[PDB]
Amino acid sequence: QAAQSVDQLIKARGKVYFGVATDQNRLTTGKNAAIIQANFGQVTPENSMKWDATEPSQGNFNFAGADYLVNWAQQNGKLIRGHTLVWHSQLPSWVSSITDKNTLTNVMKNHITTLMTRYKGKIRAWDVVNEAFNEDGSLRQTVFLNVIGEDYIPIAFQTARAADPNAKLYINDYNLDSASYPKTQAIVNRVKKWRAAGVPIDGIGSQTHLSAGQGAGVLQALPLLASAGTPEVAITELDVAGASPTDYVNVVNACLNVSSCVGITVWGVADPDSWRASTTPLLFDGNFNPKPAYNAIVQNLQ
C-alpha cells in the first residue's frame, strides 16, 4: 500500500475513480487486497465476468467468481465496471458454432440480461461490446456480426439499457491511442451515428494497452474520442511496456484534460501478475511496492 492514494488524489481533481483489474485469485493472495483498499476506488473483474467464465454451457451460469468480486467491492466501498458482455474472445464454442440468426440473437440477449439483472443497480458501467473494430475502422468479423448482422450492436445496447438503466453502457476497444489512426476516427464516427439512431451508448472505453512512448498521443486521441458526444469516456485497461513515468503521466493528463473522462483503470496491481508481466507494465513491482510511475502520477495529481 502506497502512502498516497491515486484514487483519493484523482477524486481531489474532480474525477470519479482510479481503479484496477482484479478477481478472487488476486484478492486472496499477496498484498493486492490491501493495496486496492488503500489506493484504488474501483475494480474491474479481470476475467470472472467474461462469457467463458459466466456461461460455459448455455443457460448453465457460473457466478461464483463474479459474485466474489462484486461482494468484495461492495464490502470495501469500491465501484465496479462489468466486463464484458459481447466479445469474440474467451467465447465458448457453443456460442461461436451457432449459425442461426434468431438463436444467436436470443442467446446474446439472454447472456446480457442475465448478468446485468443479477447485479442490477450495483454496477457503474458495463463494457457491453468489446473489440468490435478492425484496425482499419471496419467492423470485426465475429460470429455476432456474421450471424446477427450490423444490428448486433444496436440490439446489444438496447438490451443492456433495458436490463439495468443505471449502468453506463460502454463500447470498449484498444488502439484508440492516436488521433491519426483509422480505428480511433472510425469508432467516433460510428458512435455518433449509433447514438443518433437511438442506440444507448453512454461511454467509449479506451483500453490503452501501450508500448513504450505511446502515452504522448493519448493527449490528442482522448479528446477525439470525447468528440463523439458520449456522456463518458474512460481509460479502461491501462498498462505500458516499461512503465515509464512519462507514458503514465501523459495518460493521466489526457484524462484530466477531458471533462467527460470519468476515470482510469490500470490492468492489474503488481508487475508479475500482469497479462504482459515480462514487460513490467504496471504501477507496483514484484515486492508490491509502488514504482516510479506510481509516484509520478501521485505528484502530478497533487
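Quick note: we count residues from 1 along the sequence shown, nothing fancier.
Chemist: Mean C-alpha B factor from the entry: is it higher for 91 to 99 or for 169 to 177?
Modeler: Mean C-alpha B-factor is greater for 91 to 99.
Chemist: On mean Cα temperature factor in this entry, is 123 to 131 or 180 to 188 the higher one?
Modeler: Averaging CA B-factors over each stretch, the winner is 180 to 188.
Chemist: For the CA B factor values reported in this entry, which option in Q58, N253, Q42, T246 has the top one?
Modeler: Comparing C-alpha B-factors across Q58, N253, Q42, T246, the top value belongs to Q58.
Chemist: From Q158, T142, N110, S206, pick the one with the largest CA B-factor in the entry?
Modeler: In the PDB entry, the greatest C-alpha B-factor among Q158, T142, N110, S206 is found at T142.
Chemist: Using the temperature factors of the C-alpha atoms in this entry, rank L9 within its chain: lowest, middle or highest third.
Modeler: Within its chain, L9 is a middle-third residue by C-alpha B-factor, going by the deposited values.
Chemist: By the recorded C-alpha temperature factor, relative to the other modelled residues in its chain, which third is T279 in?
Modeler: Within its chain, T279 is a middle-third residue by C-alpha B-factor, going by the deposited values.
Chemist: Test of reading the entry: by CA B factor among the chain's modelled residues, which third contains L69?
Modeler: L69: CA B-factor falls in the highest third of its chain.
Chemist: Can you work out whether the C-alpha temperature factor of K193 puts it in the lowest, middle or highest third of the chain?
Modeler: Highest third, going by the recorded CA B-factors of the chain.
Chemist: Among the chain's modelled residues, which third holds the C-alpha B-factor of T105?
Modeler: Tercile = middle for this residue's CA B-factor.
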